[PDB]
K.L.:
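The structure is given below, and queries will be raised subsequently.
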Amino acid sequence: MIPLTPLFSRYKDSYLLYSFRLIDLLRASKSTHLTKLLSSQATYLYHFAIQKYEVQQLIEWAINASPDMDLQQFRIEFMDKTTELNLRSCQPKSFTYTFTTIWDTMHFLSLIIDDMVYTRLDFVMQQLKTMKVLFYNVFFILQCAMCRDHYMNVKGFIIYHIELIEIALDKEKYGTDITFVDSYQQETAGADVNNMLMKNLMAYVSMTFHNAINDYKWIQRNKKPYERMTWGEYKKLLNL
Amino acid sequence: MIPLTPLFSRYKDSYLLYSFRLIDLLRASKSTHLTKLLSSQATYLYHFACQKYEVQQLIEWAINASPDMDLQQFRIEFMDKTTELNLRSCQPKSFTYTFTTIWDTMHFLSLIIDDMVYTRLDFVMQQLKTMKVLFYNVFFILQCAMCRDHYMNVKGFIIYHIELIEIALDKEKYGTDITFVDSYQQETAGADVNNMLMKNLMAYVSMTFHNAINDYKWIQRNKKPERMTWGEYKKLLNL
Ligand SMILES: Cc1cc2nc3c(=O)[nH]c(=O)nc-3n(C[C@H](O)[C@H](O)[C@H](O)COP(=O)(O)OP(=O)(O)OC[C@H]3O[C@@H](n4cnc5c(N)ncnc54)[C@H](O)[C@@H]3O)c2cc1C
Ligand SMILES: Cc1cc2nc3c(=O)[nH]c(=O)nc-3n(C[C@H](O)[C@H](O)[C@H](O)COP(=O)(O)OP(=O)(O)OC[C@H]3O[C@@H](n4cnc5c(N)ncnc54)[C@H](O)[C@@H]3O)c2cc1C
């Protein structure tokens, strides 16, 4: 399982706030396609957080919630509903929603993938496909049109690496064990010639992706760019 | 300044064939948005095809060509139109369309990018965004539903590396020169601290992508799986 650190504590709570803010959109939805997409995303999110039958109750409650409530009244009704369904664990501790709420959710999902793979095969390959669906369908909820447009262009970078893992798991299914390496360069050296996978690959993929977004935004605003996060420091922050 | 080689000449003729097939879709288009997108993409492809006003006349000819022609009849009218506009260069020598026509176009575009960068400016930084738009908007044209769905999932891998190039040219605009290195590993090791950029990045990037797609399709077909190596690829193209 994932190591308990302060930073991982915020991730889990950002993940719950994010999940809460996503289901609040269900009552507002203006299309059947959005409703099906929000319903499945939130179901999938909680399934990575019987718990599953209670979650179906929560999700169904949110689909039929009044569309004329504001957000704070939805929060009141949600707090009660999760308490009643014995899902206090779904309840966020902090309701301040920002970019760090989205980043934490993506970094959380990355750590979850690394844990499922190191601690693992049909099951892990079905989870990895649900993860691709989650990353493909990240919503910002907050207002940032240009963030949405940027993310739709490059989200495949993350998603591509999930497929490398599936490719690696497919080789283990067929005879070649996965070999775990400590640096991205070794994994990338291997593919150009045997089944090497970086340990904590997705933590590093999403970290590298975080930096690239933040590097690119200076082009966006047209200003000269300053502490960037390093894999060394990140691993220390998360006890990896 | 792309090295003229056998594989590259096929890339070039595949590029032209892909472009001819795209503008053939303009007469059929069922939405004003798809019309907007195909004519932009075709204009862009031609603009990179290793005069612009003549291309605009070609495109405008395609927009108004009869929707009740079949494709072969369109090919007849296109071969005449390009002959009249003094654009015999846009004419493909082979009209057999396959997955290799699409791959060849993608690998062609990758080689254009690496050539603009090492022979470079706000100019190259602007041409890269157009490159991003082209890769975001690749049409298969042939029938491969699961292909389009796979490519829409992972196309960002390619596009991300175009952004790393803009990021690198932005640091050069503001002081730090690009340092060209020989492996992908040296570029990804130095991002983690300085402005290194792999030489022939997009050739390597779209080469690795091509392998990934082909490895992934054994998962897609549920089947127990000769892959292209960088050294072999650089040999084939004289990089
Ligand atoms: C998918 C996504 C796309 C975005 N696209 C854009 C855009 O196009 N234009 C724009 O202006 N903004 C964009 N943003 C927001 C942007 O990335 C920043 O969050 C914001 O612009 C300024 O945030 P910041 O530097 O103050 O903190 P942030 O960059 O948000 O980081 C906050 C926290 O995350 C942790 N952290 C910081 N860096 C890393 C890292 N490399 N790896 C792991 N953890 C880290 C740290 O704990 C830090 O406390 C996007 C955000 C997301 C989640
Ligand atoms: C964007 C895109 C997405 C696709 N998604 C799918 C999918 O999801 N499922 C599916 O079944 N098919 C998919 N395809 C088609 C698939 O990749 C193959 O083209 C097809 O299966 C034919 O396989 P092949 O090995 O015979 O030839 P190809 O893989 O098409 O190779 C043909 C030519 O390309 C050259 N070549 C081969 N490998 C490389 C390489 N790594 N780098 C550079 N050049 C190379 C060689 O010169 C060879 O002659 C996709 C194609 C594209 C262009």
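Proteins get letters first, then strands, A, B, ... in listed order; numbering begins at 1 in each.
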K.L.:
Taking side chain to side chain donor-acceptor pair (under 3.5 Å) as the definition, give me every residue that meets it alongside A:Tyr44, ordered by chain and number, with sequence neighbours left out.
P.N.:
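Checked A:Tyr44 against side chain to side chain donor-acceptor pair (under 3.5 Å); zero matches.
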
K.L.:
Could you go through the side chain to side chain donor-acceptor pair (under 3.5 Å) check for A:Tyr234 and A:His107 one step at a time?
P.N.:
CA-CA 11 Å; A:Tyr234 202 46; A:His107 292 299; 3.2 Å; yes

K.L.:
Between side-chain atoms of residues 64-75 of chain B and protein atoms elsewhere (two or more places apart, or another chain), which donor-acceptor pairs fall under 3.5 Å?
P.N.:
unit_1	atom_1	unit_2	atom_2	d
B:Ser66	OG	B:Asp68	N	3.4
B:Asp70	OD1	B:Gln73	N	2.9

K.L.:
Of all the heavy-atom pairs spanning B:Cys90 and B:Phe78, show the shortest one and how long it is.
P.N.:
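Taking every non-hydrogen atom into account, O-CZ, 3.9 Å.
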
K.L.:
May I have the step-by-step check of side chain to side chain donor-acceptor pair (under 3.5 Å) for B:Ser14 and B:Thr105, ending in yes or no?
P.N.:
CA-CA 6 Å; B:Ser14 279; B:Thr105 296; 5.9 Å; no

K.L.:
Quick one: does any side-chain atom of A:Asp114 pair with a main-chain N or O of A:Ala203 as donor and acceptor, under 3.5 Å?
P.N.:
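Looks like yes, one N/O pair under 3.5 Å.
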
K.L.:
Between B:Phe108 and B:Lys12, is there a cation-pi geometry (under 6.0 Å to ring centre, at most 45° from the normal)?
P.N.:
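Negative - B:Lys12 is either too far from the ring of B:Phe108 or too far off its axis.
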
K.L.:
On the ring face of A:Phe135, is A:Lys155 found with NZ or CZ under 6.0 Å from the centre and within 45° of the axis?
P.N.:
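The answer is no; the distance or angle limit is not met.
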
K.L.:
Measure the shortest side-chain to side-chain distance between B:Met196 and B:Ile178 over non-hydrogen atoms and say whether it is less than 4.5 angstrom.
P.N.:
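Side-chain contact under 4.5 Å: no.
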
K.L.:
Can you tell me how far OG of B:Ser39 sits from CD1 of B:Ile23, rounded to the nearest 0.5 angstrom?
P.N.:
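One finds 11.0 Å between CD1 of B:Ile23 and OG of B:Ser39.
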
K.L.:
Any carboxylate oxygen within less than 4.0 angstrom of a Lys/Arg side-chain nitrogen, looking at A:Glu166 and A:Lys129?
P.N.:
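A:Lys129 and A:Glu166: not salt-bridged.
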
K.L.:
Can you check side chain to side chain donor-acceptor pair (under 3.5 Å) on B:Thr188 and A:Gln185, steps first, answer last?
P.N.:
CA-CA 7 Å; B:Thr188 62; A:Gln185 279 91 69; 3.0 Å; yes

K.L.:
Quick one: OG1 on B:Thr35 to CG on B:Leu38, what's the gap to the nearest 0.5 Å?
P.N.:
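Result: 6.5 Å between the selected atoms.
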
K.L.:
Do B:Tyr15 and B:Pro92 come within less than 4.5 Å of each other through their side chains, counting heavy atoms only?
P.N.:
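Side-chain contact under 4.5 Å: no.
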
K.L.:
Could you measure the distance from the CE atom of A:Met202 to the CE atom of A:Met106? Nearest 0.5 Å is fine.
P.N.:
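Here the rounded value is 9.0 Å.
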
K.L.:
So does B:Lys171 get a backbone contact from the side chain of B:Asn195, meaning a donor-acceptor N/O pair under 3.5 Å?
P.N.:
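Answer holds: no.
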
